[PDB]
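Take a look at the structure below.
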Amino acid sequence: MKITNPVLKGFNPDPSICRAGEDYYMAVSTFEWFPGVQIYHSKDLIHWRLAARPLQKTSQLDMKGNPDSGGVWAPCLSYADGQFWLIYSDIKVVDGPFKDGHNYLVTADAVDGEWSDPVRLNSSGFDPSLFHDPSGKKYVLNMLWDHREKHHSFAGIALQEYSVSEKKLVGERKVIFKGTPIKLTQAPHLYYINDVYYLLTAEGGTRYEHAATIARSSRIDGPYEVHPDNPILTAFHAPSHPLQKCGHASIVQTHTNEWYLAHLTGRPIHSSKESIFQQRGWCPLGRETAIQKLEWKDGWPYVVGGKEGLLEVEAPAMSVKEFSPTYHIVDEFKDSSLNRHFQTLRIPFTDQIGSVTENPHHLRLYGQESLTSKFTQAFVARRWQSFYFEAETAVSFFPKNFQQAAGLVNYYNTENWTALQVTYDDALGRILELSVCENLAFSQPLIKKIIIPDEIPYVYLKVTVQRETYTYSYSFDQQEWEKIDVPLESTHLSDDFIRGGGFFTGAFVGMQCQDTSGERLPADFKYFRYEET
Amino acid sequence: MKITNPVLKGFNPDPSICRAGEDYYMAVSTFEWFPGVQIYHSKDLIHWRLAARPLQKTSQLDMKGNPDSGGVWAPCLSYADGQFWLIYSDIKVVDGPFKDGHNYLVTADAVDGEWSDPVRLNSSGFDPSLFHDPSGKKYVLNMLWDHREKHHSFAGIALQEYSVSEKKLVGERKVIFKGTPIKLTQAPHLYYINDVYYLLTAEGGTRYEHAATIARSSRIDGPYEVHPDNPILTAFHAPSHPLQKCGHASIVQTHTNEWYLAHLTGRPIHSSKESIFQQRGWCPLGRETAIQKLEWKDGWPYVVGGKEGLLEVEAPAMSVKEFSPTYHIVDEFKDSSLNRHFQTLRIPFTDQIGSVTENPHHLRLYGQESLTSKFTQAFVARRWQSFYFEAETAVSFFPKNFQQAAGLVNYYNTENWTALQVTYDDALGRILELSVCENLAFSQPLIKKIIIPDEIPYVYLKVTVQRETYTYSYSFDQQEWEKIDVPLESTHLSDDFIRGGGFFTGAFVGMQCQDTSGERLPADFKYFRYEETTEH
Ligand SMILES: O[C@@H]1[C@@H](O)[C@H](O[C@@H]2CO[C@@H](O)[C@H](O)[C@H]2O)OC[C@H]1O
Ligand SMILES: O[C@@H]1[C@@H](O)[C@H](O[C@@H]2CO[C@@H](O)[C@H](O)[C@H]2O)OC[C@H]1O
């Protein structure tokens with residue numbers, strides 16, 4: 001009867017909420033993880049099921065070589081004229097003065113149906129949004145990226161008409177809003193409400209200064225006046241609040257004439273050696289999606305409970321409906337294709353990297369490139385979505401040289417991961433090795449190599465995650481586990497720990513095989529258990 | 001007449017020398033520059049002409065997104081059984097514990113003919129090489145990359161048989177050599193000389209500790225005995241020597257029964273307010289190729305003149321054969337094909353970025369991504385090949401917003417370049433802007449903006465390179481020039497300045513257009529001049 005935030009747990013940022021009659025959908029960004037964009041469905045705003053992942057083919061999304069946290073940034077999902085519209089980006093440069101990336105449009109009739117081939121829109125900035133103006137005309141909003149040395153990089157909100165018949169942006173482009181002193185003006189969404197235009201934006205950047213700003217105007221092109229108690233959403237001032245980084249919002253008006261606001265947020269683990277006011281913490285689950293309720297006064301919306309958001313939010317006047325779980329707690333790969341919660345890095349899942357059919361009821365992975373490669377990785381993984389869980393798998397892998405390895409991986413990006421892999425030692429045979437990579441600093445800490453007897457058909461591998469730490473354990477028969485006494489830090493796989501300009505995903509766990517010799521040696525995984533506790 | 005080194009000036013590393021009858025060929029690496037591999041041709045070893053660039057299709061080489069100084073590393077060109085064999089690499093990771101990359105083989109009847117589609121070989125290490133054993137067997141050598149924490153990454157030289165009929169490696173591989181205390185053992189090339197196997201390698205890394213070591217064995221798989229005066233080539237001990245980084249060599253026996261050694265080298269610019277011992281210099285021309293004469297004693301080759309290598313080298317007993325230049329000093333773009341000294345970053349030249357046929361007598365570049373992008377840049381460039389030159393172009397470009405810019409660029413990688421571009425300012429109209437990117441730190445130092453009047457159809461742009469410094473200048477009438485008073489440092493476009501694990505190319509100059517608004521706004525370049533000051 002209450003909305004319990006985050007409604008989308010783990011890596012699920014930049015929520016774009018829309019209503020198709022009485023059905024509610026939210027699209028979230030996926031960056032380098034393939035297939036692109038996740039769409040969730042809900043009938044009550046409390047329970048959400050993973051319904052679709054539109055960008056399924058390289059003709060829609062080609063991300064081989066994309067930088068970490070490049071690819072699909074904030075998307076925009078809308079419904080109008082009997083079809084869904086998805087505006088998405090493919091960001092190619094995430095560091096330095098430029099942010100080279102391109103905005104595209106695909107359409108579909110059903111969210112889980114077949115999506116069109118993309119139409120080129122523009123490249124002038126990220127967070128593109130498609131606004132269906134009451135007049136029938138259509139408009140694309142985005143932030144304007146300004147590379148010039150002396151200018152703040154977030155130059156404001158651009159507006160330009162989209163011609164449906166010509167399938168291109170037309171007319172003149174106009175900057176309609178420059179933002180507030182919070183700056184980093186971002187995430188524009190336009191709304192026609194009571195004959196006036198409301199421009200919702202994000203400001204402050206997506207770390208702990210994040211905020212949602214709103215302004216209004218009589219004309220679509222402004223000038224816009226800013227909310228008198230702006231920002232309407234932020235946790236910048238409340239470091240102990242359990243919801244942090246609260247911004248990048250979208251508004252929905254329900255079919256019950258109620259008002260709600262979806263936004264991203266982070267749930268940080270804290271230091272204890274440090275003050276939370278100075279060290280705001282680390283978010284291994286990345287940026288998650290939460291929903292707040294809005295109330296109106298004098299033509300201005302307000303977040304009920306205050307600007308920081310609540311964990312428990314007043315659900316709308318609608319019939320509750322839960323959904324069946326969309327993954328197996330223990331997946332034995334008996335299904336025809338990979339479950340919808342598994343994703344690959346950058347490229348589609350094809351025989352290049354593995355198969356679910358070649359060895360039935362197994363996931364076969366052909367050894368390809370290492371975990372530091374932005375190109376071709378034989379790696380299938382799924383999100384951390386709880387601070388407390390166990391993941392476990394069983395691998396048949398018989399490597400012949402030290403350049404072959406396969407096993408269980410916990411992963412943030414190409415420079416930040418840990419891996420417990422079956423590999424080969426030329427003087428010891430098959431061994432089990434722990435490899436740790438922290439901002440490209442690589443170590444293999446076990447001084448005592450773990451030998452695997454030759455006739456063990458399956459090495460059982462398991463990770464136990466307990467909030468701020470996690471540990472690996474292994475078994476040669478499943479009913480007898482041995483724990484590796486190296487406590488790994490969960491905070492080292494978080495938005496707030498990794499270096500670089502792209503820090504936008506979250507921790508993953510999955511099965512991986514690599515063969516840097518060229519032989520493409522396969523690794524057979526009998527099952528994958530993901531059990532939150 | 002002597003051989004004058006370097007024989008290939010500017011960015012021309014990892015020479016693989018090769019002989020077909022009385023014709024000599026040398027392949028060099030090209031990294032992210034497309035098309036891949038440069039093959040030069042010679043009949044006297046003194047004069048070399050740019051003859052072919054084999055890897056022209058995305059089916060042979062797909063480098064979109066490749067890191068700076070990834071892509072085509074050291075190649076191997078050989079001639080046997082009436083055809084050419086090219087072994088090349090595509091490196092995808094250049095930083096950190098791994099070096100993910102793949103080695104391929106392609107063949108052709110002539111170097112400037114159509115090359116085959118690639119056969120996969122292995123992925124175990126770079127510097128792959130094909131050996132043609134007198135028994136008719138074929139073998140692939142390459143270094144072995146060890147990623148493990150406690151091990152030196154250069155784990156020795158691997159050897160494995162290649163089956164021509166099965167189009168794949170067969171049998172087991174074996175490490176046949178582990179190097180000397182110089183380590184970083186790489187660049188393996190096998191030679192069968194009077195019933196003895198000689199294994200040539202590079203050691204020391206490609207900076208100032210570079211060396212060429214050689215060893216011999218009665219059997220192909222070792223054990224190998226190292227040269228008694230090893231290494232046979234290096235300038236590590238001679239900081240003042242005009243050739244530095246001397247290593248990564250290959251040997252050829254001429255049809256005159258003489259022996260020569262092709263190797264890479266750097267010609268550094270030195271600061272005479274810095275220790276020549278501590279700071280060995282900066283090479284904006286990258287790694288170039290030189291040739292040394294060999295001489296034998298007791299079954300060991302020695303480099304004539306000492307192991308530092310000579311600047312002037314005794315030529316083989318062959319007739320001089322000079323070649324006419326393969327580029328125009330002023331290229332006016334009247335051909336429907338880009339001159340062979342022009343390259344693009346990572347991808348083919350297609351309508352996606354440019355056209356020489358849409359506006360006749362112009363190079364039209366369609367505005368695409370910035371100079372920091374590893375994907376789709378409308379950028380056509382050619383090597384710095386002298387310390388003294390000027391390059392010049394003329395651009396027709398009418399930008400309508402600040403995200404459109406086109407002009408003349410000096411470039412090393414995506415983090416290191418300068419650019420003089422026609423662009424647009426909301427308050428001032430068309431302006432000429434100087435942009436500087438030093439290891440991704442970005443500046444635009446002109447305080448007073450240069451206003452371009454609306455009546456000006458072409459803006460003329462020039463760079464004048466004078467060894468350690470270069471300067472841009474511009475003109476609205478081709479005859480009256482104004483110098484932009486900020487001296488730029490040529491040493492910042494050098495192997496020795498840029499950060500990261502990939503530092504393997506060299507400085508380029510070329511024409512560029514970017515449009516990060518999305519409109520693909522075209523810029524038309526009327527000509528490109530590149531004129532070396534041979535007087536110096
Ligand atoms: O576009 C989305 C936003 O949530 C956010 O956008 C900005 C990207 O650059 C960062 O430096 C800013 O902090 C951030 O606000 O991140 C990317 C994507 O998730
Ligand atoms: O493969 C060629 C070699 O000349 C050289 O190989 C090594 C690559 O890693 C660097 O750290 C070493 O110094 C270098 O010797 O560079 C690449 C290519 O030119």
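Ligands are numbered from 1 in the order shown, chains are lettered A, B, ... in the order of the structure tokens, and residues start at 1 in each chain.
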
Report the closest atom pair, with its distance in Å rounded to one decimal, for each residue of chain A that has an atom no farther than 10 Å from ligand 1; count only C-alpha atoms and all ligand atoms, sort by chain and then rising residue number, and write it as JSON lines.
{"residue": "A:12", "atom": "CA", "partner": "ligand 1", "partner_atom_place_in_ligand_line": "19 (O)", "distance": 9.3}
{"residue": "A:13", "atom": "CA", "partner": "ligand 1", "partner_atom_place_in_ligand_line": "19 (O)", "distance": 6.1}
{"residue": "A:14", "atom": "CA", "partner": "ligand 1", "partner_atom_place_in_ligand_line": "4 (O)", "distance": 5.5}
{"residue": "A:15", "atom": "CA", "partner": "ligand 1", "partner_atom_place_in_ligand_line": "4 (O)", "distance": 9.2}
{"residue": "A:28", "atom": "CA", "partner": "ligand 1", "partner_atom_place_in_ligand_line": "19 (O)", "distance": 8.9}
{"residue": "A:29", "atom": "CA", "partner": "ligand 1", "partner_atom_place_in_ligand_line": "19 (O)", "distance": 6.7}
{"residue": "A:30", "atom": "CA", "partner": "ligand 1", "partner_atom_place_in_ligand_line": "19 (O)", "distance": 8.6}
{"residue": "A:31", "atom": "CA", "partner": "ligand 1", "partner_atom_place_in_ligand_line": "19 (O)", "distance": 8.1}
{"residue": "A:69", "atom": "CA", "partner": "ligand 1", "partner_atom_place_in_ligand_line": "17 (C)", "distance": 8.0}
{"residue": "A:70", "atom": "CA", "partner": "ligand 1", "partner_atom_place_in_ligand_line": "17 (C)", "distance": 8.7}
{"residue": "A:71", "atom": "CA", "partner": "ligand 1", "partner_atom_place_in_ligand_line": "18 (C)", "distance": 9.8}
{"residue": "A:72", "atom": "CA", "partner": "ligand 1", "partner_atom_place_in_ligand_line": "18 (C)", "distance": 8.3}
{"residue": "A:73", "atom": "CA", "partner": "ligand 1", "partner_atom_place_in_ligand_line": "18 (C)", "distance": 4.7}
{"residue": "A:74", "atom": "CA", "partner": "ligand 1", "partner_atom_place_in_ligand_line": "2 (C)", "distance": 4.7}
{"residue": "A:75", "atom": "CA", "partner": "ligand 1", "partner_atom_place_in_ligand_line": "1 (O)", "distance": 8.4}
{"residue": "A:89", "atom": "CA", "partner": "ligand 1", "partner_atom_place_in_ligand_line": "1 (O)", "distance": 9.2}
{"residue": "A:91", "atom": "CA", "partner": "ligand 1", "partner_atom_place_in_ligand_line": "17 (C)", "distance": 9.6}
{"residue": "A:94", "atom": "CA", "partner": "ligand 1", "partner_atom_place_in_ligand_line": "9 (O)", "distance": 7.8}
{"residue": "A:95", "atom": "CA", "partner": "ligand 1", "partner_atom_place_in_ligand_line": "11 (O)", "distance": 9.0}
{"residue": "A:99", "atom": "CA", "partner": "ligand 1", "partner_atom_place_in_ligand_line": "9 (O)", "distance": 9.0}
{"residue": "A:125", "atom": "CA", "partner": "ligand 1", "partner_atom_place_in_ligand_line": "1 (O)", "distance": 9.4}
{"residue": "A:126", "atom": "CA", "partner": "ligand 1", "partner_atom_place_in_ligand_line": "1 (O)", "distance": 6.0}
{"residue": "A:127", "atom": "CA", "partner": "ligand 1", "partner_atom_place_in_ligand_line": "1 (O)", "distance": 5.3}
{"residue": "A:128", "atom": "CA", "partner": "ligand 1", "partner_atom_place_in_ligand_line": "1 (O)", "distance": 9.0}
{"residue": "A:143", "atom": "CA", "partner": "ligand 1", "partner_atom_place_in_ligand_line": "1 (O)", "distance": 9.4}
{"residue": "A:153", "atom": "CA", "partner": "ligand 1", "partner_atom_place_in_ligand_line": "9 (O)", "distance": 9.7}
{"residue": "A:154", "atom": "CA", "partner": "ligand 1", "partner_atom_place_in_ligand_line": "9 (O)", "distance": 9.4}
{"residue": "A:184", "atom": "CA", "partner": "ligand 1", "partner_atom_place_in_ligand_line": "15 (O)", "distance": 6.7}
{"residue": "A:185", "atom": "CA", "partner": "ligand 1", "partner_atom_place_in_ligand_line": "15 (O)", "distance": 8.3}
{"residue": "A:186", "atom": "CA", "partner": "ligand 1", "partner_atom_place_in_ligand_line": "15 (O)", "distance": 6.9}
{"residue": "A:187", "atom": "CA", "partner": "ligand 1", "partner_atom_place_in_ligand_line": "1 (O)", "distance": 6.9}
{"residue": "A:202", "atom": "CA", "partner": "ligand 1", "partner_atom_place_in_ligand_line": "15 (O)", "distance": 7.5}
{"residue": "A:203", "atom": "CA", "partner": "ligand 1", "partner_atom_place_in_ligand_line": "15 (O)", "distance": 7.1}
{"residue": "A:204", "atom": "CA", "partner": "ligand 1", "partner_atom_place_in_ligand_line": "15 (O)", "distance": 6.8}
{"residue": "A:205", "atom": "CA", "partner": "ligand 1", "partner_atom_place_in_ligand_line": "15 (O)", "distance": 3.4}
{"residue": "A:206", "atom": "CA", "partner": "ligand 1", "partner_atom_place_in_ligand_line": "15 (O)", "distance": 4.0}
{"residue": "A:207", "atom": "CA", "partner": "ligand 1", "partner_atom_place_in_ligand_line": "13 (O)", "distance": 6.0}
{"residue": "A:208", "atom": "CA", "partner": "ligand 1", "partner_atom_place_in_ligand_line": "13 (O)", "distance": 9.3}
{"residue": "A:209", "atom": "CA", "partner": "ligand 1", "partner_atom_place_in_ligand_line": "13 (O)", "distance": 8.9}
{"residue": "A:210", "atom": "CA", "partner": "ligand 1", "partner_atom_place_in_ligand_line": "15 (O)", "distance": 7.4}
{"residue": "A:211", "atom": "CA", "partner": "ligand 1", "partner_atom_place_in_ligand_line": "15 (O)", "distance": 9.6}
{"residue": "A:245", "atom": "CA", "partner": "ligand 1", "partner_atom_place_in_ligand_line": "4 (O)", "distance": 9.8}
{"residue": "A:247", "atom": "CA", "partner": "ligand 1", "partner_atom_place_in_ligand_line": "4 (O)", "distance": 8.1}
{"residue": "A:248", "atom": "CA", "partner": "ligand 1", "partner_atom_place_in_ligand_line": "4 (O)", "distance": 6.2}
{"residue": "A:249", "atom": "CA", "partner": "ligand 1", "partner_atom_place_in_ligand_line": "4 (O)", "distance": 9.6}
{"residue": "A:263", "atom": "CA", "partner": "ligand 1", "partner_atom_place_in_ligand_line": "4 (O)", "distance": 9.8}
{"residue": "A:264", "atom": "CA", "partner": "ligand 1", "partner_atom_place_in_ligand_line": "4 (O)", "distance": 7.8}
{"residue": "A:265", "atom": "CA", "partner": "ligand 1", "partner_atom_place_in_ligand_line": "4 (O)", "distance": 9.9}
{"residue": "A:287", "atom": "CA", "partner": "ligand 1", "partner_atom_place_in_ligand_line": "19 (O)", "distance": 8.4}
{"residue": "A:500", "atom": "CA", "partner": "ligand 1", "partner_atom_place_in_ligand_line": "11 (O)", "distance": 9.8}
{"residue": "A:501", "atom": "CA", "partner": "ligand 1", "partner_atom_place_in_ligand_line": "11 (O)", "distance": 6.4}
{"residue": "A:502", "atom": "CA", "partner": "ligand 1", "partner_atom_place_in_ligand_line": "10 (C)", "distance": 7.3}
{"residue": "A:503", "atom": "CA", "partner": "ligand 1", "partner_atom_place_in_ligand_line": "16 (O)", "distance": 7.7}
{"residue": "A:504", "atom": "CA", "partner": "ligand 1", "partner_atom_place_in_ligand_line": "19 (O)", "distance": 5.5}
{"residue": "A:505", "atom": "CA", "partner": "ligand 1", "partner_atom_place_in_ligand_line": "19 (O)", "distance": 8.0}

With only C-alpha atoms as the counted atoms, please give the residues lying no more than 6 Å from residue 290 in chain A, apart from itself and same-chain residues fewer than 6 positions off, as an mmCIF file with N, CA and C atoms, in the first residue's frame.
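That gives us selection-v6.cif:
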data_model
loop_
_atom_site.group_PDB
_atom_site.id
_atom_site.type_symbol
_atom_site.label_atom_id
_atom_site.label_comp_id
_atom_site.auth_asym_id
_atom_site.auth_seq_id
_atom_site.Cartn_x
_atom_site.Cartn_y
_atom_site.Cartn_z
ATOM 1 N N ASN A 5 11.026 2.727 -1.799
ATOM 2 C CA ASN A 5 12.177 3.201 -2.562
ATOM 3 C C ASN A 5 13.463 2.550 -2.058
ATOM 4 N N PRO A 6 14.419 2.238 -2.950
ATOM 5 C CA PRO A 6 14.335 2.398 -4.408
ATOM 6 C C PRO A 6 13.413 1.365 -5.054
ATOM 7 N N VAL A 7 12.563 1.802 -5.987
ATOM 8 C CA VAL A 7 11.675 0.873 -6.679
ATOM 9 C C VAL A 7 12.415 0.043 -7.719
ATOM 10 N N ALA A 262 9.685 10.467 -10.669
ATOM 11 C CA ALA A 262 10.722 9.445 -10.645
ATOM 12 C C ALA A 262 12.085 10.120 -10.726
ATOM 13 N N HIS A 263 13.043 9.630 -9.940
ATOM 14 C CA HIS A 263 14.373 10.228 -9.932
ATOM 15 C C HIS A 263 15.410 9.165 -9.606
#

Subject >> Contact residues around residue 140 in chain A with only C-alpha atoms at 6 Å, ignoring same-chain residues under 6 positions, as a PyMOL selection string >> reply: chain A and resi 129-130+159-160

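Relative to CA of residue 470 in chain B, CA of residue 210 in chain B is found at 29.0 Å.
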
Subject >> strand (DSSP E or B) call set, DSSP backbone run, range 416-454 of chain B, as a PyMOL selection string >> reply: chain B and resi 416-425+429-438+441-443+450-451

Let's have the selection written as a PDB file, in the first residue's frame, with N, CA and C atoms.
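Output below, filename selection-v7.pdb:
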ATOM      1  N   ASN B 416      46.614  14.908 -27.619  1.00  0.00           N
ATOM      2  CA  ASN B 416      47.775  15.750 -27.902  1.00  0.00           C
ATOM      3  C   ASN B 416      47.683  16.248 -29.340  1.00  0.00           C
ATOM      4  N   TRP B 417      47.308  17.514 -29.496  1.00  0.00           N
ATOM      5  CA  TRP B 417      47.164  18.140 -30.803  1.00  0.00           C
ATOM      6  C   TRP B 417      47.013  19.638 -30.596  1.00  0.00           C
ATOM      7  N   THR B 418      47.228  20.389 -31.673  1.00  0.00           N
ATOM      8  CA  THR B 418      46.809  21.780 -31.747  1.00  0.00           C
ATOM      9  C   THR B 418      46.037  21.967 -33.044  1.00  0.00           C
ATOM     10  N   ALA B 419      45.177  22.982 -33.070  1.00  0.00           N
ATOM     11  CA  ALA B 419      44.300  23.166 -34.218  1.00  0.00           C
ATOM     12  C   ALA B 419      44.013  24.644 -34.409  1.00  0.00           C
ATOM     13  N   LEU B 420      44.104  25.090 -35.660  1.00  0.00           N
ATOM     14  CA  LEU B 420      43.717  26.436 -36.063  1.00  0.00           C
ATOM     15  C   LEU B 420      42.498  26.291 -36.961  1.00  0.00           C
ATOM     16  N   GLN B 421      41.333  26.701 -36.459  1.00  0.00           N
ATOM     17  CA  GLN B 421      40.073  26.390 -37.114  1.00  0.00           C
ATOM     18  C   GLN B 421      39.237  27.643 -37.326  1.00  0.00           C
ATOM     19  N   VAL B 422      38.565  27.692 -38.474  1.00  0.00           N
ATOM     20  CA  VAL B 422      37.444  28.603 -38.679  1.00  0.00           C
ATOM     21  C   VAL B 422      36.250  28.087 -37.882  1.00  0.00           C
ATOM     22  N   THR B 423      35.675  28.945 -37.044  1.00  0.00           N
ATOM     23  CA  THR B 423      34.538  28.564 -36.219  1.00  0.00           C
ATOM     24  C   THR B 423      33.621  29.774 -36.090  1.00  0.00           C
ATOM     25  N   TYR B 424      32.626  29.666 -35.217  1.00  0.00           N
ATOM     26  CA  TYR B 424      31.589  30.682 -35.108  1.00  0.00           C
ATOM     27  C   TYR B 424      31.426  31.087 -33.650  1.00  0.00           C
ATOM     28  N   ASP B 425      31.241  32.382 -33.432  1.00  0.00           N
ATOM     29  CA  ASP B 425      30.960  32.934 -32.118  1.00  0.00           C
ATOM     30  C   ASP B 425      29.669  33.735 -32.203  1.00  0.00           C
ATOM     31  N   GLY B 429      30.376  36.430 -35.037  1.00  0.00           N
ATOM     32  CA  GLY B 429      30.352  35.799 -36.346  1.00  0.00           C
ATOM     33  C   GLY B 429      31.492  34.804 -36.508  1.00  0.00           C
ATOM     34  N   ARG B 430      31.906  34.600 -37.759  1.00  0.00           N
ATOM     35  CA  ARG B 430      33.047  33.736 -38.042  1.00  0.00           C
ATOM     36  C   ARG B 430      34.314  34.266 -37.377  1.00  0.00           C
ATOM     37  N   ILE B 431      35.004  33.389 -36.644  1.00  0.00           N
ATOM     38  CA  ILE B 431      36.284  33.709 -36.027  1.00  0.00           C
ATOM     39  C   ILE B 431      37.268  32.581 -36.313  1.00  0.00           C
ATOM     40  N   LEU B 432      38.548  32.901 -36.165  1.00  0.00           N
ATOM     41  CA  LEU B 432      39.635  31.940 -36.299  1.00  0.00           C
ATOM     42  C   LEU B 432      40.185  31.670 -34.907  1.00  0.00           C
ATOM     43  N   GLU B 433      40.125  30.413 -34.471  1.00  0.00           N
ATOM     44  CA  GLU B 433      40.432  30.060 -33.092  1.00  0.00           C
ATOM     45  C   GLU B 433      41.577  29.061 -33.023  1.00  0.00           C
ATOM     46  N   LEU B 434      42.466  29.273 -32.058  1.00  0.00           N
ATOM     47  CA  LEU B 434      43.557  28.354 -31.773  1.00  0.00           C
ATOM     48  C   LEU B 434      43.189  27.512 -30.561  1.00  0.00           C
ATOM     49  N   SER B 435      43.226  26.195 -30.723  1.00  0.00           N
ATOM     50  CA  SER B 435      42.936  25.248 -29.659  1.00  0.00           C
ATOM     51  C   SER B 435      44.172  24.392 -29.422  1.00  0.00           C
ATOM     52  N   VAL B 436      44.464  24.115 -28.149  1.00  0.00           N
ATOM     53  CA  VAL B 436      45.646  23.363 -27.740  1.00  0.00           C
ATOM     54  C   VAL B 436      45.217  22.290 -26.748  1.00  0.00           C
ATOM     55  N   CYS B 437      45.634  21.053 -27.001  1.00  0.00           N
ATOM     56  CA  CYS B 437      45.331  19.913 -26.141  1.00  0.00           C
ATOM     57  C   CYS B 437      46.652  19.229 -25.811  1.00  0.00           C
ATOM     58  N   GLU B 438      47.084  19.330 -24.552  1.00  0.00           N
ATOM     59  CA  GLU B 438      48.323  18.724 -24.067  1.00  0.00           C
ATOM     60  C   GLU B 438      47.972  17.668 -23.030  1.00  0.00           C
ATOM     61  N   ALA B 441      44.686  18.212 -21.422  1.00  0.00           N
ATOM     62  CA  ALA B 441      44.456  19.536 -20.851  1.00  0.00           C
ATOM     63  C   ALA B 441      44.233  20.532 -21.987  1.00  0.00           C
ATOM     64  N   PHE B 442      43.102  21.228 -21.960  1.00  0.00           N
ATOM     65  CA  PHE B 442      42.609  21.976 -23.108  1.00  0.00           C
ATOM     66  C   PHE B 442      42.711  23.472 -22.848  1.00  0.00           C
ATOM     67  N   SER B 443      43.292  24.202 -23.798  1.00  0.00           N
ATOM     68  CA  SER B 443      43.355  25.652 -23.692  1.00  0.00           C
ATOM     69  C   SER B 443      43.105  26.291 -25.050  1.00  0.00           C
ATOM     70  N   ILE B 450      40.114  36.549 -33.521  1.00  0.00           N
ATOM     71  CA  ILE B 450      40.435  36.954 -34.885  1.00  0.00           C
ATOM     72  C   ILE B 450      39.142  36.929 -35.690  1.00  0.00           C
ATOM     73  N   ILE B 451      38.658  38.104 -36.078  1.00  0.00           N
ATOM     74  CA  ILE B 451      37.393  38.206 -36.793  1.00  0.00           C
ATOM     75  C   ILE B 451      37.630  37.935 -38.271  1.00  0.00           C
TER      76      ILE B 451
END

**OP:** Hey, list the chain B side of the contact with chain A: 8 Å cut-off, only C-alpha atoms, answer as an MDAnalysis selection string.
**Re:** chainID B and resid 64:66 92:93 96:98 100 102 121:125 146 148:149 369:370 372:375 403 440:444 516:519

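Near residue 300 in chain A, within a cut-off of 9 Å and counting only C-alpha atoms, sit the residues residues 214, 215, 216, 227, 228 and 295 of chain A, with same-chain residues fewer than 5 positions away left out.
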
For the selection you just gave me, I'd like the residues written to a file as a CSV table (one decimal), in the first residue's frame, keeping N, CA, C and O atoms.
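Result file follows (selection_39.csv):
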chain,number,residue,atom,x,y,z
A,214,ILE,N,13.0,23.2,-11.3
A,214,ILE,CA,11.8,23.3,-12.2
A,214,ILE,C,11.6,24.8,-12.4
A,214,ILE,O,11.8,25.7,-11.6
A,215,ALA,N,11.1,25.1,-13.6
A,215,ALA,CA,10.8,26.5,-14.0
A,215,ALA,C,9.5,26.4,-14.9
A,215,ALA,O,9.2,25.3,-15.4
A,216,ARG,N,8.9,27.6,-15.2
A,216,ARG,CA,7.7,27.6,-16.0
A,216,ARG,C,7.7,28.8,-16.9
A,216,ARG,O,8.4,29.8,-16.6
A,227,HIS,N,11.1,28.2,-10.0
A,227,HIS,CA,10.4,27.9,-8.7
A,227,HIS,C,10.9,28.7,-7.5
A,227,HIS,O,12.1,28.8,-7.4
A,228,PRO,N,10.0,29.2,-6.7
A,228,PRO,CA,10.5,30.1,-5.6
A,228,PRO,C,11.2,29.4,-4.5
A,228,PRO,O,11.9,30.0,-3.7
A,295,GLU,N,2.7,17.4,-4.6
A,295,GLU,CA,1.5,18.1,-4.3
A,295,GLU,C,1.7,19.6,-4.9
A,295,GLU,O,2.9,20.0,-5.0

Original post:
Smallest atom-to-atom distance to residue 47 in chain A: which of A:366, A:323, A:259, A:198, using only C-alpha atoms?
Top reply: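 Using only C-alpha atoms, residue 47 in chain A sits closest to A:323.
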
**OP:** Enumerate residues in contact with ligand 2: an atom-to-atom distance of at most 6 Å, counting only C-alpha atoms and all ligand atoms. Format the result as a list in words.
**Re:** residues 14, 73, 74, 127, 205, 206, 207 and 504 of chain B

**OP:** Just the residues within 6 Å of residue 404 in chain A, please, counting only C-alpha atoms, with nothing from its chain fewer than 5 positions along; format it as a ChimeraX atom specification.
**Re:** /A:399,423,514-515

Let me see the file: selected residues, C-alpha atoms, as a PDB file, in the first residue's frame.
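And here's selection_26.pdb as it stands now:
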ATOM      1  CA  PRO A 399      43.055 -24.965 -19.550  1.00  0.00           C
ATOM      2  CA  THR A 423      43.619 -21.309 -14.837  1.00  0.00           C
ATOM      3  CA  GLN A 514      39.246 -15.647 -21.389  1.00  0.00           C
ATOM      4  CA  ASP A 515      41.789 -17.178 -23.756  1.00  0.00           C
TER       5      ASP A 515
END

Subject >> Distance query residue 17 in chain B at most 8 Å, only C-alpha atoms, self and fewer than 6 positions along chain excluded, as a list in words >> reply: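 Final neighbour list, sorted by chain and number: residues 24, 25, 26, 27, 77, 78, 250, 251, 252 and 262 of chain B.
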